Amino acid sequence: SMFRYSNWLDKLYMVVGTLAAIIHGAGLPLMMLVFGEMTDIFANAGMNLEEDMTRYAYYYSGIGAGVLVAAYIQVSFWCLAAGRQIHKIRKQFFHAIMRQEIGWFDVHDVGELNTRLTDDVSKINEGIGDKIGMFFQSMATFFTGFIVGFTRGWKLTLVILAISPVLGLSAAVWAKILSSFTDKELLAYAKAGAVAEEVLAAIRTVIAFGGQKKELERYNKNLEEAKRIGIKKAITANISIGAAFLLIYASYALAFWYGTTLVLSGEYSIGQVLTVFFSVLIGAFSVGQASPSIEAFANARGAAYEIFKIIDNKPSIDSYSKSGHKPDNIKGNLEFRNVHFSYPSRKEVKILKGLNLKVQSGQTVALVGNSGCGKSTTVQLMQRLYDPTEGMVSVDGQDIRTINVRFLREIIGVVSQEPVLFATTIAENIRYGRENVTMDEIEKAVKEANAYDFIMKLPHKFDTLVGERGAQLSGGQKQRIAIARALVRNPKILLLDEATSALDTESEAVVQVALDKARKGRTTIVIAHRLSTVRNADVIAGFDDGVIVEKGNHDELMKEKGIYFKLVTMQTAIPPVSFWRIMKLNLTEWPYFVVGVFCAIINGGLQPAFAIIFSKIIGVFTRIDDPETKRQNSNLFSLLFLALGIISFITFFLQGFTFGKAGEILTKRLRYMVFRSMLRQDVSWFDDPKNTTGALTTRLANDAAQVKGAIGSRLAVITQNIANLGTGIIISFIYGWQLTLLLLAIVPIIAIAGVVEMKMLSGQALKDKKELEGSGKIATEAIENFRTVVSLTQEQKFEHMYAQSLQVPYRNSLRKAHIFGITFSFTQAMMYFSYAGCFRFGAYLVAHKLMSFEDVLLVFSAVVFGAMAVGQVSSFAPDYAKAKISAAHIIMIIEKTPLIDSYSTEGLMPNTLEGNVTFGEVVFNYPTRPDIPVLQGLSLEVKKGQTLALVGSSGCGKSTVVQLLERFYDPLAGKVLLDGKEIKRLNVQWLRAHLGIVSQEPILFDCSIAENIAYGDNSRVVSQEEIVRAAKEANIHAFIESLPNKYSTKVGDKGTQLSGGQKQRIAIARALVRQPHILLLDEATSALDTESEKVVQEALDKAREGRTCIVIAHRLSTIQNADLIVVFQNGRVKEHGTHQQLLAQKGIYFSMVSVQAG
């Protein structure tokens, strides 16, 4: 944990900040000591009083100024030192990641790299910024507090020390354990909700069958127990918190009793008692305040170690290094010999087993071979990207390794299969090729690559802003631009990989002509699938399983009848925010909240009750009578204090009982309500990219707590704080008339200052986030195409871009640090000086006999303690903004009425079904991509007992038809009828029950085989004999038989417990169980063997009679028995009719069938 390597001029910043923070922390206990001295001075008094009060107030103001100075110095120094450190770390980190060897990058993930390039830096910054400063401040407060206590009196010091902090630590540990238990209960809820997770994940078939009632019943069965557990946990947590508060109050009361008894004996001054007590208590509370900084710093240390791992990792090849020979005389010559190499990504497979190949200057060498023969890897290694596992490469008689890497990379050009261009102007991207680039050279290169026309025609001929990831220009345009950029380098070696991949005939010809016109300038190597480009290849070598076998000219290669000849022959072939409707929803539990409001009011009054009790107890030493009765009276007061705790304890409990239940209860209702809509939604909404599978479940889960908080805790905190403030104000006015106004004017000023400080911190954090995210996006664009960037050997350019982009946010952060320090120190000093001025004004009022000092102490303590209590208890409640957002989102989701009224009872329920389908002029475009129409007013007419099948190009409409059958997506325009009944008019439930489908990827519910099989129907029990019959019909009669416990075996996640074929058979049986009049199978043969597929098809055909059968698969023989076969070409019914008719009239069907011809 020593990741703070300074610059020998920023270390002093940290040291000064630490010292100033220590002084600041010692500050407040000094204020308490001065306060005690002032109180004792008055009691001695109980004019001279005015003079003494002014002297004490001037002491106070002096220490206030010192505190302001120390706070500003410490906070500013720490923040700016951390800014310096984090900026240096960002720069060095990007330097290293850029300099890291390419292999190390290929091994590592990129998403993690990019994510930690920003988030990790942000974390380490947030953990080393000032929280260390605040931790030093708290520790200094604690040390100074006990220092003062010991210097004043050991008796009370030890008494308070041995009692208060042990109880405080116990209460804190209890709260932490309660938080852990609450997290465990949330995990139990998640176990319960796994049911909804599974149901929604497979919601497709669930909706298809429409058996939603059972799922909802099971979910409620889970939710009842979840709610019981939550209510118990909340009750226990609230009880424990109340008990801890009561214990702390009792300990403070005991401290007061001991001190009062001692002073009545005459040990220490009455004011001294308060001084020592407050010193000890504030020291303990300060140690309590120090917790978050240590945890944040530990997390920052972990992230910093993660970053330093990459930062200090020396690479194999130092691209950003000047070392290495830099020959000037360049003659094209290379010679690889026994170059065995294995990609480090998968060390097992040795892609390069060794070979021999030598090329002289201006020699065209081509690689011929199948995929993986050793061409792509050979090209990649050509640029020394991966050091060979075994080989001796020499260029122009000189080993590659000895020469400097930078020049070696800069003296070679490579055109990739899909070369990219940085997100700038095309001229800019070309300029990236070399540091020095002239517009004349750019024009010459563009003309050479036949890119001048494409650049000139487009807007801003030489300024077009390439779309993000090259989304604007054409692929051929990108290839030509890359070719021109590479030619700009004018290297001594040229490489080309899969140039024809995307290139069209004209594009490929242009690229080949450009390459040929300049190949004479340096040795060139090309690997492509267009053997015609290899027809002119001066020299061709055939990569054979990592070994080059064929070698010779085109004529010699053809004559040899080898790999080259075989290849030649083969070639010859946003959410609308809602204001308060949440309360409208919560209103249903009206009587469960009023008691909570009363309890909150009781507690809010009790807090000023404690303030006034303390005031009276202190004032007990504000009379000259000095009777023993005072002792008793004091004792009496002490008793009330303890009673004050008890009244609070039960009070607090009520809140948990009053709110918690209504809270948890509310969630329960919400969880049932929201899910009610979640199940009743169209498939499209789930298909929405916003949230499909997990985001929705997580939304519901977090929303439970969010909405519970927003409804309950917001009202609780608001009412309690308002009651506390009002009670304090009323008490002050009753016991005050002049200082009351002073406090009511000052303290809210401090409150506004603190709120403004928090808001400024949040806003500045967000602004810095965005400003840095600019350069972060720049860096992401850099790393994403890391291969090309490293190939261009221009990492220095991207690093300069990064530094330039970060420079401005750096100074922005420094200024923001000054501002944050100013606000923090100003708030501290303003609070304390307001306290001092209130003390002075009260002294003036008392000296003139305006109000008894007991009244002054009462009013001041009431106001300050009310403010502090509201400021501390306002922290407990959950973040109201996130809850607001979640509640609005839920109110949005819940009211989204689906287009197909699944819940609504409207529709028609014909008694008898015939099994006729007729769609005509029905055109539909998937709302996921409304621009692209997949249904174009097609036609289809199937009569009773007509077995139909559909075929065509993959993804050419063979799929969406089935979904159109189940009304999961209605048509944009046209007519659809089932047995002459408007599919829209007919009831969704009736039609869904009547029909049935067989998915290409069958889904089995995570339950017993018998349970899932019976699930095929709803509200209808199928006899176990029916289960056995279905299993036999699916060939799983024996599989059903075994099925440990007969029909019990619980399927795994995604049906892993059973085989794929067994799963398909089980799904077929489940579909058949319901006995639908129409059965639609879509890719039912997606995974089947001879026996299982044959059995399924034969059973379907034999049971086809009396029902409609639709098949969407690739089995031509299966369609042979099909009554009718239809071909869908690009969403149009092209070939339709009998198999014999289709074969007689040659066409798409003829070619499709003959593709399997011998």
# chains A, B, ... in the order shown; residues from 1 in each chain; ligands from 1
>>> closest_atom_pairs(of="range 205-311 of chain A", to="range 1017-1039 of chain A", cutoff="10 Å", atoms="only C-alpha atoms", output="tab-separated table")
residue	atom	partner	partner_atom	distance
A:209	CA	A:1017	CA	7.4
A:210	CA	A:1018	CA	8.1
A:211	CA	A:1018	CA	5.7
A:212	CA	A:1018	CA	8.9
A:213	CA	A:1018	CA	8.7
A:214	CA	A:1018	CA	8.3
>>> write_last_selection(atoms="N, CA, C and O atoms", output="PDB file, in the first residue's frame")
ATOM      1  N   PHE A 209     -48.682 -21.325 -25.115  1.00  0.00           N
ATOM      2  CA  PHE A 209     -49.711 -22.114 -24.451  1.00  0.00           C
ATOM      3  C   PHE A 209     -50.677 -21.237 -23.667  1.00  0.00           C
ATOM      4  O   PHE A 209     -51.851 -21.592 -23.518  1.00  0.00           O
ATOM      5  N   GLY A 210     -50.209 -20.095 -23.167  1.00  0.00           N
ATOM      6  CA  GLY A 210     -51.067 -19.201 -22.418  1.00  0.00           C
ATOM      7  C   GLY A 210     -51.431 -19.681 -21.033  1.00  0.00           C
ATOM      8  O   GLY A 210     -52.443 -19.239 -20.483  1.00  0.00           O
ATOM      9  N   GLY A 211     -50.638 -20.576 -20.450  1.00  0.00           N
ATOM     10  CA  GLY A 211     -50.890 -21.042 -19.099  1.00  0.00           C
ATOM     11  C   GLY A 211     -50.266 -20.142 -18.054  1.00  0.00           C
ATOM     12  O   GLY A 211     -49.457 -20.592 -17.237  1.00  0.00           O
ATOM     13  N   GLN A 212     -50.639 -18.863 -18.068  1.00  0.00           N
ATOM     14  CA  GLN A 212     -50.047 -17.890 -17.160  1.00  0.00           C
ATOM     15  C   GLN A 212     -50.548 -18.031 -15.728  1.00  0.00           C
ATOM     16  O   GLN A 212     -49.816 -17.686 -14.795  1.00  0.00           O
ATOM     17  N   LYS A 213     -51.769 -18.532 -15.533  1.00  0.00           N
ATOM     18  CA  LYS A 213     -52.345 -18.570 -14.192  1.00  0.00           C
ATOM     19  C   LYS A 213     -51.482 -19.386 -13.239  1.00  0.00           C
ATOM     20  O   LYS A 213     -51.228 -18.962 -12.104  1.00  0.00           O
ATOM     21  N   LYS A 214     -51.021 -20.558 -13.678  1.00  0.00           N
ATOM     22  CA  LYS A 214     -50.222 -21.408 -12.801  1.00  0.00           C
ATOM     23  C   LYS A 214     -48.929 -20.716 -12.393  1.00  0.00           C
ATOM     24  O   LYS A 214     -48.508 -20.798 -11.231  1.00  0.00           O
TER      25      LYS A 214
END
>>> residues_around(residues="residue 932 in chain A", least_positions_apart="6", cutoff="12 Å", atoms="only C-alpha atoms", output="PDB file with C-alpha atoms, in the first residue's frame")
ATOM      1  CA  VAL A 923     -47.962  -7.726 -45.376  1.00  0.00           C
ATOM      2  CA  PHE A 924     -45.989  -7.444 -42.142  1.00  0.00           C
ATOM      3  CA  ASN A 925     -42.681  -5.833 -41.211  1.00  0.00           C
ATOM      4  CA  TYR A 926     -41.063  -6.748 -37.913  1.00  0.00           C
ATOM      5  CA  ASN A1130     -37.734 -13.204 -50.381  1.00  0.00           C
ATOM      6  CA  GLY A1131     -41.112 -13.158 -48.665  1.00  0.00           C
TER       7      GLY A1131
END
>>> closest_residue(among="A:1067, A:715, A:1078, A:113", to="residue 943 in chain A", atoms="only C-alpha atoms")
A:1078
>>> closest_residue(among="A:1155, A:838, A:563, A:956", to="residue 856 in chain A", atoms="only C-alpha atoms")
A:838
>>> residues_around(residues="residue 25 in chain A", least_positions_apart="4", cutoff="9 Å", atoms="only C-alpha atoms", output="list in words")
residues 20, 21, 29, 67, 71, 134, 136, 137, 138, 139, 140, 141, 142, 143 and 144 of chain A
>>> select_by_dssp(residues="range 799-1036 of chain A", states="strand (DSSP E or B)", output="PyMOL selection string")
chain A and resi 917-923+938-942+947-952+973-978+982+995-998+1008
>>> residues_around(residues="range 888-897 of chain A", least_positions_apart="6", cutoff="12 Å", atoms="only C-alpha atoms", output="ChimeraX atom specification")
/A:574-585,667,670-682,685-686,696,699-704,706-707,710,881-882,903-904
>>> atom_distance(atom1="CA of residue 414 in chain A", atom2="CA of residue 780 in chain A")
22.9 Å
>>> residues_around(residues="residue 279 in chain A", least_positions_apart="2", cutoff="8 Å", atoms="only C-alpha atoms", output="NGL selection string")
:A and (29 or 32-33 or 145-146 or 148-149 or 275-277 or 281-283)
>>> residues_around(residues="range 340-357 of chain A", least_positions_apart="2", cutoff="6 Å", atoms="only C-alpha atoms", output="PyMOL selection string")
chain A and resi 107+335-338+388-391+546-547
>>> residues_around(residues="residue 524 in chain A", least_positions_apart="6", cutoff="10 Å", atoms="only C-alpha atoms", output="list in words")
residues 332, 359, 360, 361, 362, 363, 364, 365, 366, 412, 413, 414, 492, 493, 494, 495, 496, 515, 516 and 518 of chain A
>>> write_last_selection(atoms="N, CA and C atoms", output="PDB file, in the first residue's frame")
ATOM      1  N   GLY A 332      15.077  -5.559 -51.118  1.00  0.00           N
ATOM      2  CA  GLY A 332      14.068  -6.555 -50.818  1.00  0.00           C
ATOM      3  C   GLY A 332      14.634  -7.957 -50.766  1.00  0.00           C
ATOM      4  N   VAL A 359      12.761 -14.984 -50.746  1.00  0.00           N
ATOM      5  CA  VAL A 359      12.283 -14.068 -51.773  1.00  0.00           C
ATOM      6  C   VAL A 359      13.270 -12.918 -51.907  1.00  0.00           C
ATOM      7  N   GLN A 360      13.553 -12.534 -53.149  1.00  0.00           N
ATOM      8  CA  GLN A 360      14.443 -11.427 -53.460  1.00  0.00           C
ATOM      9  C   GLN A 360      13.640 -10.156 -53.717  1.00  0.00           C
ATOM     10  N   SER A 361      14.364  -9.065 -53.959  1.00  0.00           N
ATOM     11  CA  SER A 361      13.723  -7.774 -54.163  1.00  0.00           C
ATOM     12  C   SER A 361      12.773  -7.828 -55.352  1.00  0.00           C
ATOM     13  N   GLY A 362      11.631  -7.164 -55.210  1.00  0.00           N
ATOM     14  CA  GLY A 362      10.674  -7.089 -56.300  1.00  0.00           C
ATOM     15  C   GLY A 362      10.204  -8.439 -56.796  1.00  0.00           C
ATOM     16  N   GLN A 363       9.982  -9.381 -55.884  1.00  0.00           N
ATOM     17  CA  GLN A 363       9.534 -10.724 -56.228  1.00  0.00           C
ATOM     18  C   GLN A 363       8.127 -10.920 -55.689  1.00  0.00           C
ATOM     19  N   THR A 364       7.193 -11.242 -56.578  1.00  0.00           N
ATOM     20  CA  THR A 364       5.817 -11.504 -56.181  1.00  0.00           C
ATOM     21  C   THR A 364       5.697 -12.947 -55.707  1.00  0.00           C
ATOM     22  N   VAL A 365       5.349 -13.128 -54.437  1.00  0.00           N
ATOM     23  CA  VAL A 365       5.188 -14.445 -53.834  1.00  0.00           C
ATOM     24  C   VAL A 365       3.751 -14.570 -53.351  1.00  0.00           C
ATOM     25  N   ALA A 366       3.094 -15.657 -53.733  1.00  0.00           N
ATOM     26  CA  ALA A 366       1.709 -15.905 -53.367  1.00  0.00           C
ATOM     27  C   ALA A 366       1.616 -17.198 -52.573  1.00  0.00           C
ATOM     28  N   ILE A 412       7.302  -1.424 -43.692  1.00  0.00           N
ATOM     29  CA  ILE A 412       6.498  -2.499 -44.261  1.00  0.00           C
ATOM     30  C   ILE A 412       5.047  -2.046 -44.294  1.00  0.00           C
ATOM     31  N   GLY A 413       4.362  -2.347 -45.387  1.00  0.00           N
ATOM     32  CA  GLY A 413       2.953  -2.009 -45.538  1.00  0.00           C
ATOM     33  C   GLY A 413       2.117  -3.266 -45.670  1.00  0.00           C
ATOM     34  N   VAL A 414       0.944  -3.257 -45.041  1.00  0.00           N
ATOM     35  CA  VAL A 414       0.059  -4.418 -45.032  1.00  0.00           C
ATOM     36  C   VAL A 414      -1.371  -3.955 -45.269  1.00  0.00           C
ATOM     37  N   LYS A 492       9.550  -1.025 -47.964  1.00  0.00           N
ATOM     38  CA  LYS A 492      10.377  -1.987 -48.679  1.00  0.00           C
ATOM     39  C   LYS A 492       9.744  -3.371 -48.752  1.00  0.00           C
ATOM     40  N   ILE A 493       8.543  -3.549 -48.205  1.00  0.00           N
ATOM     41  CA  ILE A 493       7.841  -4.827 -48.242  1.00  0.00           C
ATOM     42  C   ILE A 493       6.343  -4.559 -48.221  1.00  0.00           C
ATOM     43  N   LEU A 494       5.593  -5.365 -48.971  1.00  0.00           N
ATOM     44  CA  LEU A 494       4.151  -5.204 -49.092  1.00  0.00           C
ATOM     45  C   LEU A 494       3.458  -6.533 -48.841  1.00  0.00           C
ATOM     46  N   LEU A 495       2.347  -6.482 -48.113  1.00  0.00           N
ATOM     47  CA  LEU A 495       1.549  -7.660 -47.817  1.00  0.00           C
ATOM     48  C   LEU A 495       0.082  -7.358 -48.084  1.00  0.00           C
ATOM     49  N   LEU A 496      -0.645  -8.378 -48.534  1.00  0.00           N
ATOM     50  CA  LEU A 496      -2.073  -8.263 -48.793  1.00  0.00           C
ATOM     51  C   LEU A 496      -2.764  -9.525 -48.306  1.00  0.00           C
ATOM     52  N   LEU A 515      -1.872  -2.615 -57.266  1.00  0.00           N
ATOM     53  CA  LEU A 515      -0.783  -3.372 -56.657  1.00  0.00           C
ATOM     54  C   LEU A 515       0.262  -3.766 -57.693  1.00  0.00           C
ATOM     55  N   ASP A 516      -0.173  -4.122 -58.902  1.00  0.00           N
ATOM     56  CA  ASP A 516       0.767  -4.565 -59.926  1.00  0.00           C
ATOM     57  C   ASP A 516       1.614  -3.409 -60.437  1.00  0.00           C
ATOM     58  N   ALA A 518       2.914  -1.124 -58.919  1.00  0.00           N
ATOM     59  CA  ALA A 518       3.926  -0.720 -57.954  1.00  0.00           C
ATOM     60  C   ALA A 518       4.632  -1.887 -57.278  1.00  0.00           C
TER      61      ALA A 518
END
>>> closest_residue(among="A:237, A:300, A:385, A:587", to="residue 790 in chain A", atoms="only C-alpha atoms")
A:385
>>> atom_distance(atom1="CA of residue 1119 in chain A", atom2="CA of residue 955 in chain A")
18.8 Å
>>> closest_residue(among="A:669, A:331, A:517, A:204", to="residue 227 in chain A", atoms="only C-alpha atoms")
A:669
>>> atom_distance(atom1="CA of residue 1118 in chain A", atom2="CA of residue 1158 in chain A")
18.9 Å
>>> closest_residue(among="A:654, A:200, A:286, A:744", to="residue 236 in chain A", atoms="only C-alpha atoms")
A:654
>>> closest_atom_pairs(of="range 349-425 of chain A", to="range 467-477 of chain A", cutoff="9 Å", atoms="only C-alpha atoms", output="CSV")
residue,atom,partner,partner_atom,distance
A:418,CA,A:475,CA,7.9
A:420,CA,A:470,CA,6.9
A:421,CA,A:470,CA,6.8
A:422,CA,A:469,CA,7.8
A:423,CA,A:468,CA,6.2
A:424,CA,A:467,CA,8.6
>>> write_last_selection(atoms="C-alpha atoms", output="compact mmCIF listing (two decimals), in the first residue's frame")
# COMPACT_ATOMS: atom_id res chain seq x y z
CA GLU A 418 -11.21 -5.59 -43.80
CA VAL A 420 -10.30 0.18 -41.05
CA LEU A 421 -9.79 3.95 -40.99
CA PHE A 422 -9.53 6.05 -37.84
CA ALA A 423 -12.57 8.17 -37.04
CA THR A 424 -11.42 11.35 -38.79
>>> decode(residues="range 942-997 of chain A", atoms="C-alpha atoms", output="PDB file, in the first residue's frame")
ATOM      1  CA  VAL A 942     -55.003 -24.738 -46.592  1.00  0.00           C
ATOM      2  CA  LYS A 943     -58.261 -26.667 -46.260  1.00  0.00           C
ATOM      3  CA  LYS A 944     -59.383 -29.348 -43.823  1.00  0.00           C
ATOM      4  CA  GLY A 945     -56.922 -32.195 -43.353  1.00  0.00           C
ATOM      5  CA  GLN A 946     -54.277 -30.594 -45.585  1.00  0.00           C
ATOM      6  CA  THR A 947     -50.656 -31.308 -44.660  1.00  0.00           C
ATOM      7  CA  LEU A 948     -48.543 -28.373 -45.838  1.00  0.00           C
ATOM      8  CA  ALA A 949     -44.822 -27.639 -45.786  1.00  0.00           C
ATOM      9  CA  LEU A 950     -42.751 -24.530 -46.489  1.00  0.00           C
ATOM     10  CA  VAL A 951     -39.241 -24.265 -47.943  1.00  0.00           C
ATOM     11  CA  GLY A 952     -36.968 -21.648 -49.447  1.00  0.00           C
ATOM     12  CA  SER A 953     -33.810 -19.708 -48.755  1.00  0.00           C
ATOM     13  CA  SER A 954     -32.656 -19.709 -45.144  1.00  0.00           C
ATOM     14  CA  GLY A 955     -33.973 -16.605 -43.427  1.00  0.00           C
ATOM     15  CA  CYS A 956     -36.063 -15.949 -46.552  1.00  0.00           C
ATOM     16  CA  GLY A 957     -39.401 -16.089 -44.722  1.00  0.00           C
ATOM     17  CA  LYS A 958     -39.373 -19.757 -43.707  1.00  0.00           C
ATOM     18  CA  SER A 959     -39.469 -18.616 -40.054  1.00  0.00           C
ATOM     19  CA  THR A 960     -41.777 -15.621 -39.594  1.00  0.00           C
ATOM     20  CA  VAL A 961     -44.717 -17.519 -41.117  1.00  0.00           C
ATOM     21  CA  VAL A 962     -45.095 -19.735 -38.045  1.00  0.00           C
ATOM     22  CA  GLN A 963     -45.036 -16.710 -35.743  1.00  0.00           C
ATOM     23  CA  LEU A 964     -47.722 -15.153 -37.941  1.00  0.00           C
ATOM     24  CA  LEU A 965     -49.740 -18.333 -37.399  1.00  0.00           C
ATOM     25  CA  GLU A 966     -49.727 -17.865 -33.610  1.00  0.00           C
ATOM     26  CA  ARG A 967     -50.657 -14.156 -33.898  1.00  0.00           C
ATOM     27  CA  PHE A 968     -47.425 -13.254 -32.091  1.00  0.00           C
ATOM     28  CA  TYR A 969     -47.048 -10.590 -34.799  1.00  0.00           C
ATOM     29  CA  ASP A 970     -50.089  -9.403 -36.720  1.00  0.00           C
ATOM     30  CA  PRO A 971     -49.752  -8.189 -40.318  1.00  0.00           C
ATOM     31  CA  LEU A 972     -49.291  -4.550 -41.257  1.00  0.00           C
ATOM     32  CA  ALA A 973     -52.066  -4.774 -43.848  1.00  0.00           C
ATOM     33  CA  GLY A 974     -54.144  -7.527 -45.424  1.00  0.00           C
ATOM     34  CA  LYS A 975     -56.624 -10.234 -44.483  1.00  0.00           C
ATOM     35  CA  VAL A 976     -56.207 -13.366 -42.359  1.00  0.00           C
ATOM     36  CA  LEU A 977     -58.804 -15.981 -41.424  1.00  0.00           C
ATOM     37  CA  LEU A 978     -58.912 -19.366 -39.695  1.00  0.00           C
ATOM     38  CA  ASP A 979     -61.679 -21.535 -41.163  1.00  0.00           C
ATOM     39  CA  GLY A 980     -63.274 -18.318 -42.393  1.00  0.00           C
ATOM     40  CA  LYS A 981     -62.993 -16.489 -39.059  1.00  0.00           C
ATOM     41  CA  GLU A 982     -61.127 -13.199 -38.665  1.00  0.00           C
ATOM     42  CA  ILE A 983     -58.027 -14.060 -36.632  1.00  0.00           C
ATOM     43  CA  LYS A 984     -58.227 -10.609 -35.045  1.00  0.00           C
ATOM     44  CA  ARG A 985     -61.929 -11.033 -34.273  1.00  0.00           C
ATOM     45  CA  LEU A 986     -61.494 -14.485 -32.731  1.00  0.00           C
ATOM     46  CA  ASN A 987     -60.596 -14.728 -29.058  1.00  0.00           C
ATOM     47  CA  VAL A 988     -56.868 -15.055 -28.440  1.00  0.00           C
ATOM     48  CA  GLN A 989     -57.280 -17.682 -25.715  1.00  0.00           C
ATOM     49  CA  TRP A 990     -59.565 -19.940 -27.758  1.00  0.00           C
ATOM     50  CA  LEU A 991     -57.359 -19.884 -30.853  1.00  0.00           C
ATOM     51  CA  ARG A 992     -54.201 -20.372 -28.787  1.00  0.00           C
ATOM     52  CA  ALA A 993     -55.704 -23.406 -27.055  1.00  0.00           C
ATOM     53  CA  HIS A 994     -56.919 -24.821 -30.374  1.00  0.00           C
ATOM     54  CA  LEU A 995     -53.527 -24.620 -32.106  1.00  0.00           C
ATOM     55  CA  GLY A 996     -50.103 -25.908 -31.132  1.00  0.00           C
ATOM     56  CA  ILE A 997     -46.512 -25.482 -32.251  1.00  0.00           C
TER      57      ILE A 997
END
